[PDB]
Each structure stands twice: as C-alpha cells, then as structure tokens.
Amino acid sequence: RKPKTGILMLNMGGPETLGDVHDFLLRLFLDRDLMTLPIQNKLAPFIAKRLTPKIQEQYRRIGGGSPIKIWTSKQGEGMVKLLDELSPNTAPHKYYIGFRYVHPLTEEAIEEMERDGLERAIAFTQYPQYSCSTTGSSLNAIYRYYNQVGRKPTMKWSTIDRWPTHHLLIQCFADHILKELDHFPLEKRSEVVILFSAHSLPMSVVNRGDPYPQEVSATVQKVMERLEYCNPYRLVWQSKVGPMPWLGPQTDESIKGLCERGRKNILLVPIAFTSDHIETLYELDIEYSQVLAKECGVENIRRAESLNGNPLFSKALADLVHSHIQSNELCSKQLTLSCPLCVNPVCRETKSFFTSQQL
C-alpha cells in the first residue's frame, strides 16, 4: 500500500559524523531567515571553515557525532505505527525527516514526499516551543521550496507549528525529572534545585516579539505543576555565543551562582528539545556538569534524561498528529500573528502559505 499521509518531522539537525560538520555550518551561515552577514556568500564558507575544528572537537568529545537522526528515526517509526492504528482513514502514514542544515534536508524530504504521491503532508516541528529561528525557519524552507521550484504542492499541507504544553510531553518531562531525582543521594533529594535549561536567544530576537520565551516558560510551569512543586526551580538559558546581549540568566552562570550560595545539588532539565544532541551531551554534561561544576565544588549535579526513545513520547507525537488531523487545523492561531516587529518579508508569505492551504 502506497503512503497516504506524510508527517514531515522538522528539526535543525546536527552533523552525523565529524566529516559533516563543515557543510552543516556552511548551510547555516548561508541562511538569511536566521542571519545577515556582509558579503555572506564569501564569509559564510569562511566562518564555517574556521569553526569546523572547534565544533568537530566538541562532537568528538561526545562520541564522534550527533544522535539526532537516530532518535528522530526511532520516534518517527513509533509515531507512524501508532498513527496507522489511531487514524486508519489517513493511513498508511509515513514519516520523513526534514533537517534544516544537514541531510536529509527539508527540500530533499519534500521532493520525496511529492515523489511518493502523498495526499496529505503535515509539517510537524520537533520544537515544542515556537521560535521564528527554529520552527519558523523550517516552515520558511517549505514555502521557499515551492516558490523556488516554481510549482504548487501536489499534496494538501498543514502544520503543527507548536505544542509547548501537550499533556503527554509534560508527563514525559515530569517522569524523567522524577526518575533523576531518585538518582540523587536520598539525604539530598529535597535540597535539589531544578534548573530548566533552554537554548537562549539574542535579545534582539526576543525584543522583536519572538514567541519562544513565553512558550518555554509555559512548559516549565506545566511540568512543575505536575510535579506538585516538589522542588524549587528556575528557568535559565544556555548556548549564548558572541559579545551581544542574550536572554539570561545563563545556565552556566546560574550553576556557579547556586554553588557559591550553598545550593550544591542541582538537577539540569533540558526543557526545549526532545532528544539528545550537542546541547545536552556536550554543553550540559561535559562543559557544565563535568568541568564547571567540579570547579565550583558542586556536591551532586545530574541531568534529566532526554525524551529520546521513551514510548510515551512517541505516543505524544502520534496524539498530536492525530488530534491535528481530526481538527482539520491548518496551523495554530499563533502562527497567524507574525512578530510585532518582524522585518523578514518571508514570514508573512510562509504564514499565508499554510493559512491558505486547500482543505
């Protein structure tokens, strides 16, 4: 039986091997919906080349590459299995991976979906909280693909552009937090302080109206409510780079600050991504938990396991797609409102691309 419904799982992606690092960075630095550089066509390949060594080294430190594709595939397989049972009327379902900067690229996925002659296509962002820089960028790629190929889609499109508080997503986070709290010495469990950590954004992006911070904040509240506020927490942000102002507090500075103030039992909780990747395996685990934490004299610092292959997470994914199909939703109401200070003309085109879809 030929595939009827395709679920395009969108994510930035990460290099699978050290050899993929260079092109990963190149594609990224060439992206306008994310970055404007002078003589970009020249500096893009240059900056990619100069950062490759350091980035390859980071991936070497975690085993030689990014596990994003492996986890995405496992989740997609689980999701599809459930969807075929949940929604027989839209089966067979097939998942496609559309990474923004690595293979399979968004464009390659769309080309295959079209080639497979699907009746329906769902742009399912793998980022629970919407940022014009993450989900937005992936959605722009879809609009741009058809605009560039100079032809209309042969499939009916729609998008699940955000899902910051999906009940099953929240349950997964809560479950992983609880099981990690169990790993702390019993005598320190109640003393543990939780630092929810999400990739930060430059203040210039936050100030334009990016939906991200508020949604990430919503996820945190939902998780803590489910945990019945068993431990105190703080939502902090990681991955800042460069000298420019970014949304803080910074995860690293917070870890150090807590230790200096007597809170030496910390539980890190990646709250804005669903699989392991450089942010968790390198930045949180090595950079902060092994090096920084040791230098600050932490007693116990752990990190909640990433959702990865948790069966309940695959259930969450299937539930989202199923509910989306049943509601005939073309996109969230939120997507119909671009940032108040958006200056990228493509955002409105992308929005319209989805709001105007037939069906």
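Residue positions are given as counts along the sequence shown, with the first one as 1.
**Q** Do the C-alpha atoms of 38 to 46 or of 22 to 30 have the higher average B factor in the entry?
**A** Comparing 22 to 30 with 38 to 46, the higher average CA B-factor belongs to 38 to 46.
**Q** Between 213 to 221 and 253 to 261, which has the larger average Cα B-factor in the PDB entry?
**A** Comparing 213 to 221 with 253 to 261, the higher mean C-alpha B-factor belongs to 253 to 261.
**Q** What's the residue among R234, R162, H277, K81 with the greatest CA temperature factor in the PDB record?
**A** Going by the entry's C-alpha B-factors, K81 comes out highest.
**Q** Kindly indicate the residue among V102, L169, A91, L178 with the greatest C-alpha B-factor in the PDB record.
**A** Answer for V102, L169, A91, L178: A91, with the highest C-alpha B-factor.
**Q** Compared with the other modelled residues in the chain, in which third is the CA B-factor of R208?
**A** Middle third of the chain for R208's C-alpha B-factor.
**Q** Using the temperature factors of the C-alpha atoms in this entry, rank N11 within its chain: lowest, middle or highest third.
**A** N11: CA B-factor falls in the lowest third of its chain.
**Q** Using only modelled residues of the chain, where does the Cα B factor of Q326 rank: lowest third, middle third or highest third?
**A** Highest third.
**Q** Using the temperature factors of the C-alpha atoms in this entry, rank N344 within its chain: lowest, middle or highest third.
**A** As the PDB entry reports it, the C-alpha B-factor of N344 lands in the highest third of its chain.
**Q** Looking at the C-alpha B-factor of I286, is it in the lowest, middle or highest third of its chain?
**A** Its C-alpha B-factor, which the entry lists for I286, ranks in the middle third among residues of this chain.
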